[PDB]
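1. 3D model of this:
(chains A, B, C, D, E, F, G and H)
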Amino acid sequence: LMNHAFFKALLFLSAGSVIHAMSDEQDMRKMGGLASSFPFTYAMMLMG
Amino acid sequence: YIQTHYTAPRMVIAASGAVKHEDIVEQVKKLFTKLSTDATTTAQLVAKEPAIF
Amino acid sequence: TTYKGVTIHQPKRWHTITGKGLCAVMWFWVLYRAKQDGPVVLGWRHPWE
Amino acid sequence: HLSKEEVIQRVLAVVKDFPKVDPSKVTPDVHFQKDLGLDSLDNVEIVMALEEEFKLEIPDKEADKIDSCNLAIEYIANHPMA
Amino acid sequence: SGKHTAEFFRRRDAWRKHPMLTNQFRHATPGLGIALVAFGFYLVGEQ
Amino acid sequence: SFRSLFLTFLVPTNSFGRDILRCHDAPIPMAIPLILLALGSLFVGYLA
Amino acid sequence: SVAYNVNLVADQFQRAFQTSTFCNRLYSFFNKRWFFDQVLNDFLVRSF
Amino acid sequence: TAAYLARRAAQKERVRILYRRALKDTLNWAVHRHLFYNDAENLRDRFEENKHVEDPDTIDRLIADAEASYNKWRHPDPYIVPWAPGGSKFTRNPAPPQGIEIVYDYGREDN
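-> Numbering: from 1, shown residues only, chains lettered A, B, ... in the order given. Next up is the structure itself:
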């Protein structure tokens, strides 16, 4: 439960960062190719 | 009856034999004018009050 | 940099450094823990060996 | 908000990047069927490309109403989310 | 026609070949290089 | 999870050009929680 | 590996989903929350 | 000679709307951009295959059959722009409506 709290909060925060930066896109079908433009956020998503 | 049923969309001139299609079309364009033009179609006339066996 | 008619600014230096460093820390932690507890996880030898 | 000149330029780029279109005869006041010679399906393809570029969604009725460059620029400039 | 539509969309999608958007799997694992070099240093320093 | 990672970051771009131009990574108060959550997602499981 | 295969090297899933009724139904079933939400909501809540 | 033109224009508008929706759902099905080109060319070939049909009645039946087929194979959750009607950002923080007045000193013992 504690571990899931940690990494799931991480995933949600990173996805929220992506959504906020992408003008509230929220849809993965129109989200490709953001690894280069989101270094830190992609790193966080990968860790989580 | 003519004005309400002999409307151009329900009207076909069939020619067979020693005729030319271009000549027939030209004569039809020249002659078949002032025909009735009613929005009601035979499909909707059949759809309303259809036939039941 | 621009290629046809679209220019894309480079991501910030601190963004890149932070992401790269934290991922490197993750991978080094995984490698170190694998070296330390590899045989124990894989059944090669018990912890008291 | 996005400038009308940039709207015109982007719409003209979308129209010019077409196979059945001669890029020379593209002007902000041309008609798809009349001037540069496209059918209805090319018009709706161009409208879809304009949507994809400008990040906007048009109802189907207004998408059909868009049949010429001038209409496309007018609609995109009137839209506040361009 | 169909090939005309495909050419139209391919031409309209020519900006997606930007050098920062062509290949993204080179950035899939950013820390492997530094992590492996540091781990090699650690392994050498053990002996 | 790997499908989400690929679609969001590694698949070639499918988003609109409008969002790609104005994309900025997480600012400082959106990155400080992310760093702490990453450290937790690294070491909480081992420590606890 | 399955995620990489499906997302990045595949050119038949859309055709199968558009020409196979069972495949389309399976895709809709797994997309729409196992139809559980729709069935439960519709039946119980509409009856109430 | 205007009713026939109006009915033909209505049928053409229906065909255009159907093609637009089919193209959008084709892009929805083929998520990847490079997979969209072949599907779009195939669907355009499908549309132009049945082009130039004379009788409006069979045209209408073709339109109805195509609409039914589209309704069968449409995407369960088609992509919607976030601020568009039905999106994730729809009516999130709308601008205040115009022509709204706030009245002060509504209820008082004396006027």
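
2. give the contact list for the residue most central in space within chain D.
-> Centroid-nearest residue in chain D: residue D:72, 4.2 Å away (criterion: C-alpha atoms, centre = their mean). Counting by C-beta atoms under 8 Å, 6 or more residues apart in numbering or on different chains, residue D:72 touches D:11, D:46-47, D:50, D:66. In this view, the C-beta of every residue, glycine as well, is placed from N, C-alpha and C.

3. please apply the same query to residue D:65.
-> Contacts for residue D:65 (C-beta under 8 Å, 6+ apart) come out as residue D:71.

4. equivalent analysis for residue G:3, please.
-> Contacts for residue G:3 were tallied using C-beta under 8 Å, 6+ apart; they are F:2-3, F:6.

5. any chance of these in CSV, plus distance to residue H:62, secondary structure and neighbour count?
-> Output for those, formatted as CSV (distance: C-beta to C-beta, whole Å; DSSP: H, G, I helix; E, B strand; the rest coil; neighbours: other C-beta atoms under 10 Å in any protein chain shown):
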residue, distance to residue H:62, secondary structure, neighbour count
F:2, 44, helix, 12
F:3, 39, helix, 14
F:6, 40, helix, 21
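
6. pick the one among those closest to residue G:12.
-> For the contacts of residue G:3, the minimum distance to residue G:12 (C-beta to C-beta) is 17.1 Å, reached by residue F:3.

7. distance of the closest residue to the closest one other than its chain neighbours from residue B:43?
-> Nearest residue to residue F:3, sequence neighbours excluded (C-beta to C-beta, 6 or more residues apart in numbering or on different chains): residue G:3, at 4.4 Å. To residue B:43, residue G:3 is 52 Å away according to C-beta to C-beta, to the nearest Å.

8. which single residue of chain E ends up nearest chain B?
-> residue E:1 (28.8 Å; C-beta to the nearest C-beta).

9. next up, the contacts around that residue.
-> Here residue E:1 is in contact with H:41, H:44-45, H:48 (C-beta under 8 Å, 6+ apart).

10. residue E:43 too?
-> Going by C-beta under 8 Å, 6+ apart, residue E:43 touches residue C:35.

11. then residue D:25?
-> D:35-36.

12. and with 10 Å instead?
-> Residue D:25 makes contact with D:16, D:35-37, according to C-beta atoms under 10 Å, 6 or more residues apart in numbering or on different chains.

13. secondary structure and distance to residue F:21 added to the residues you listed, as JSON lines?
-> Formatted as JSON lines, the contacts of residue D:25 follow (DSSP: H, G, I helix; E, B strand; the rest coil; distance: C-beta to C-beta, whole Å):
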{"residue": "D:16", "secondary structure": "helix", "distance to residue F:21": "21"}
{"residue": "D:35", "secondary structure": "coil", "distance to residue F:21": "32"}
{"residue": "D:36", "secondary structure": "coil", "distance to residue F:21": "29"}
{"residue": "D:37", "secondary structure": "coil", "distance to residue F:21": "33"}
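
14. quick one: which of the residues you listed is nearest chain H?
-> Among the contacts of residue D:25, and counting by C-beta to the nearest C-beta, the member closest to chain H is residue D:37, at 16.0 Å.

15. I figured residue F:6 hits residue G:6, correct?
-> Yes - using C-beta atoms under 10 Å as the test, residue F:6 is close enough to residue G:6 to be in contact (9.5 Å).

16. which residue does chain A bring closest to chain F?
-> For chain A, C-beta to the nearest C-beta, closest residue to chain F: residue A:33, 3.3 Å.
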